[PDB]
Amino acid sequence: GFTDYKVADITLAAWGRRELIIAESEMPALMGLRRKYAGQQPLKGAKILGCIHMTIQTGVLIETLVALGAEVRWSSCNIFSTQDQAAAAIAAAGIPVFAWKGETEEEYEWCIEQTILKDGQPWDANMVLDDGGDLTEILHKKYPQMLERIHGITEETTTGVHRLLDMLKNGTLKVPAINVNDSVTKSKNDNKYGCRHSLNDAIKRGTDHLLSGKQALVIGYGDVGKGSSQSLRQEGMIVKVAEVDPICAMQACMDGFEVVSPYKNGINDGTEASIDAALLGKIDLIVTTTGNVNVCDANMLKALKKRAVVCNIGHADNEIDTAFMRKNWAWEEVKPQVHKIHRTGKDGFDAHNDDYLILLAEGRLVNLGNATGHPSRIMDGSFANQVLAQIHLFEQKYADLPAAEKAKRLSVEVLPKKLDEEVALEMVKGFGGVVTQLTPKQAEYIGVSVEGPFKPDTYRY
């Protein structure tokens, strides 16, 4: 009967299910929600448009939403991030999913449109779960009538939240959102420790390069740059860090990294003469982590050491100037999501040319494109937050509020600290960790409840 899906190969379903059964055992916060809320069915009647990397971890999120009563229609938010066995297992469970590894851009857009439309007409969606804001943008621009009946958006990523806050400032956001990224059990777990796990993993899978003893430049030292720099330093790389934010740069210095700029004195004068050629001529590996544009620009790429690896773990495909490389230099596929870019010109190359760079995942998320992204026990935190955020906005029923009541609730908000702590506690117990209970005297002394929350909203962890 069930045909409402499109995946690479449905015969991978049994493999996907074996990996989902393992992943459940690695996701105690998400499986804890599944057990706590099963009887109450808090997402009964929820119809969720989901756009996030169709991994095994996203599989456990989907099956938790469904176990709590939701229906979903799913796509990946990246052309290389799907695990074909995860997409097959979800299709085989009778869930609409449109995702495969190695989509074209045209197929990416088609997949999102297959979630929005059921049998050629808008689905009766009433919730959105987004990673990076592409689905959110398409609904606002192309399907405004659908947003009338949507109660909320839950957004995974730093870049997606930035796009929501821009819409809210400009008065174009039509439904409330939860900023899932800024839970501590997301931002200071997934963004940092996920990249610590998955960056060196992706570089090894793609290149099998020794990292020990080699020179890296990490562009950015936010949550992703911090985790990326550690991924590489812990392998024995000599890591230098670039930053525009002097507070983040101060953290890099204290963490034991040299803070450098690709530009002389940190100033881009619009010419190749402002590039620190001596510095870039020694770098074996550049990683972009910024959420910004052209932080590894054409003139940097021209100055890099021969056979340097270039990758992006931040956003989109334009942290590195891949457009410059597509226009000017010859691409030689080594294997999927690994290209040698020959700096000898556009029209062919010598197979034994020494003057190339290695680009991973065509300048798109390297951890998800060349490996499997973050591990289950880290994504547990992010995805437990996603479930709690879906429950919160679905129960508030914004779409059913009268105009005057909507105006008061139209916001981009974080989950309460108490929920962030309850997710953290399930993660700690998954490690076999034992938190201490405050005595009444101690709770009084520091001015908190024995139940928490334990820190004021200003606390930075």
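Residue numbers here begin at 1 and follow the sequence given.
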| property | result |
| --- | --- |
| Higher-scoring stretch by recorded Cα B factor average, 40 to 48 or 424 to 432 | 40 to 48 |
| 60 to 68 or 406 to 414, whichever carries the higher mean Cα B-factor | 406 to 414 |
| Maximum C-alpha temperature factor, selected from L147, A86, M379, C195 | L147 |
| Residue with highest C-alpha B-factor in the PDB entry, from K240, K142, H374, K226 | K142 |
| Ranked C-alpha temperature factor of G220 among modelled chain residues, by third | lowest |
| Chain thirds of CA B-factor: placement of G120 | highest |
| Where the record places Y461 (Cα B-factor, split into thirds across the chain) | lowest |
| Among modelled residues of the same chain, the CA temperature factor third for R205 | lowest |
| Within-chain third of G236 by Cα B-factor, per the entry | lowest |
